[PDB]
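Residue numbers (the entry's author numbering), protein chains in the order written: chain A, 24 to 167; chain B, 72 to 119; chain C, 72 to 119; chain D, 168 to 215.
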Amino acid sequence: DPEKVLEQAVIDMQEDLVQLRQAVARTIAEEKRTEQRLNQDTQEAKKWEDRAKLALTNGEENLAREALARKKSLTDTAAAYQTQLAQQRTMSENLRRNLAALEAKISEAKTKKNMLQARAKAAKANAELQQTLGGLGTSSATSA
Amino acid sequence: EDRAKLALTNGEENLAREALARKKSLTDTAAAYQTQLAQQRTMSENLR
Amino acid sequence: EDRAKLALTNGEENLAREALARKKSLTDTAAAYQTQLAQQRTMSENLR
Amino acid sequence: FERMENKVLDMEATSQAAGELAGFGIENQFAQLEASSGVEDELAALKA
């Protein structure tokens with residue numbers, strides 16, 4: 024019957040919203056992790072720059088060039104992680120809007136189906152009442 | 072609507088539009104339920 | 072309100088605003104209880 | 168020390184998962200609090 028079918032659909036939606044919430048939480052965690060990684064890498068680059076300055080103090084131009092290489096690697100990694108974070112943010116916003124839309128769909132479908140079923144039941148009850156009013160059988164005493 | 076007014080206080084025009092959407096949904100539901108109540112009243116009078 | 076006046080004495084404008092918040096909460100509760108009392112009075116007269 | 172850092176990263180991931188759901192109308196609620204604070208400040212100015 025349609026009652027059971029739509030009822031099961033509502034129940035499945037109850038699980039789907041939780042699944043999407045879990046996905047959103049995972050995306051939040053991923054973006055936080057990449058933010059931390061890029062943020063610490065930027066500081067490692069500054070530390071290597073300080074080592075380069077120490078080299079500039081006297082002599083070790085080789086140490087300065089090594090520190091420059093470390094800086095280049097770190098900044099490239101930071102740019103890559105920034106791009107990854109942008110992708111994660113875009114995905115998070117997409118999933119957030121999808122969750123909002125899905126919640127709206129679920130709520131509207133559930134409430135509309137429930138009210139429709141209730142009104143149909145009321146209408147059929149009223150029709151049955153009218154039939155019974157027209158279906159009175161007390162006239163059978165005409166036989167007696 | 073009061074939340075929309077709070078939004079009007081400063082800034083959140085988005086909050087105002089969201090409250091307007093809530094108002095539209097609520098008034099549509101109220102109209103539907105008013106129609107349903109009219110049907111129920113007609114049925115009640117018929118049964119009476 | 073008297074605490075708010077004490078705040079007005081010197082300095083603690085924050086204390087004044089806190090007392091104002093307490094006043095708002097208390098007056099809202101008083102209005103709600105006045106409405107409830109009106110309902111109780113109406114019910115009492117009906118039952119009488 | 169590495170193991171302790173992984174735990175911290177897990178905490179940050181949990182914080183992100185909370186933030187993706189942290190979007191609440193309480194932000195619009197905070198505007199009412201600021202309006203009440205401004206009202207109390209205006210009352211204090213009247214006291215002066």
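Built from N, CA and C at the ideal position, the CB exists for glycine as well.
Check the Cβ of residue i against every Cβ in chain B and list those closer than 9 Å, keeping chain order.
i: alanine 189 of chain D; result: Chain B residues near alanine 189 of chain D: none, gap ~16 Å exceeds 9 Å.
Taking residue i as the reference, which of the options has the closest Cα?
i: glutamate 26 of chain A; options: A:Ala75, A:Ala150, A:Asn81 and A:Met138; result: A:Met138
i: residue 177 of chain A; options: A:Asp24, A:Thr106, A:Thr134 and A:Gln37; result: Chain A is shown only over 24 to 167; residue 177 of chain A falls outside these bounds and no answer can be derived.
i: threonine 113 of chain A; options: A:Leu152, A:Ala123, A:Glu54 and A:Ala167; result: A:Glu54
i: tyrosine 104 of chain A; options: A:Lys144, A:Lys128 and A:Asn62; result: A:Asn62
i: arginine 44 of chain A; options: A:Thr134, A:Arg120 and A:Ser163; result: A:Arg120
i: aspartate 99 of chain A; options: A:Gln111, A:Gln154, A:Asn81 and A:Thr65; result: A:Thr65
i: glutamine 110 of chain B; options: A:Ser163, A:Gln31 and A:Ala150; result: A:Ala150
i: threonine 134 of chain A; options: B:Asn81, B:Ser96 and B:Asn117; result: B:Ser96
For my contact list, residue i and residue j are in at a C-beta cut-off of 8 Å; report their separation, rounded to the angstrom.
i: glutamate 187 of chain D; j: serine 115 of chain A; result: 6 Å
i: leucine 40 of chain A; j: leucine 156 of chain A; result: The Cβ separation is near 46 Å, so there is no contact.
i: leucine 86 of chain C; j: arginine 74 of chain C; result: 7 Å
i: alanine 184 of chain D; j: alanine 132 of chain A; result: With 8 Å as the limit, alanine 184 of chain D and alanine 132 of chain A do not qualify as a contact, their Cβ atoms being about 27 Å apart.
i: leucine 77 of chain B; j: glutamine 199 of chain D; result: 6 Å
i: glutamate 58 of chain A; j: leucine 108 of chain A; result: 6 Å
i: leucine 122 of chain A; j: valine 47 of chain A; result: 7 Å
i: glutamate 207 of chain D; j: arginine 93 of chain C; result: Incorrect: roughly 10 Å between the Cβ atoms, too far for contact.
Determine the DSSP secondary structure at residue i, reduced to helix, strand or coil.
i: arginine 93 of chain C; result: helix
i: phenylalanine 168 of chain D; result: coil
i: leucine 43 of chain A; result: helix
i: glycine 192 of chain D; result: coil
i: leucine 213 of chain D; result: helix
i: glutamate 187 of chain D; result: coil
i: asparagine 137 of chain A; result: helix
i: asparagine 85 of chain C; result: helix
i: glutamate 116 of chain A; result: helix
i: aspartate 24 of chain A; result: coil
i: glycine 158 of chain A; result: coil
i: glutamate 72 of chain B; result: coil
For the ligand FMN, is there a heavy atom less than 8 Å away from the beta-carbon of residue i?
i: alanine 103 of chain A; result: The ligand FMN is not among the ligands present in this structure, which contains no ligands whatsoever.
Name, please, each residue of chain A whose Cβ falls closer than 7 Å to the Cβ of residue i.
i: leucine 108 of chain B; result: None at all; the shortest Cβ gap to chain A is about 11 Å.
Going along chain D, which residues have a C-beta under 7 Å from residue i?
i: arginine 119 of chain A; result: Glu187
i: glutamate 30 of chain A; result: Residues of chain D passing the Cβ test: none, with the nearest at roughly 27 Å.
List the residues of chain D whose Cβ lies closer than 9 Å to the Cβ of residue i, in chain order.
i: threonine 50 of chain A; result: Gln183, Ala184 and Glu187
(message) Counting only Cβ-Cβ distances shorter than 8 Å, please list the residues of the region 92-105 of chain B near chain D, keeping chain order.
(response) none
(message) Residues of the region 72-90 of chain C in Cβ contact with chain D at a cutoff of 7 Å, in chain order, please.
(response) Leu79, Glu84, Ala87 and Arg88
(message) Give me the subset of the region 194-208 of chain D whose CB atoms are less than 8 Å from a CB atom of chain C, sorted by chain position.
(response) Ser203, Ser204, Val206, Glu207 and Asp208
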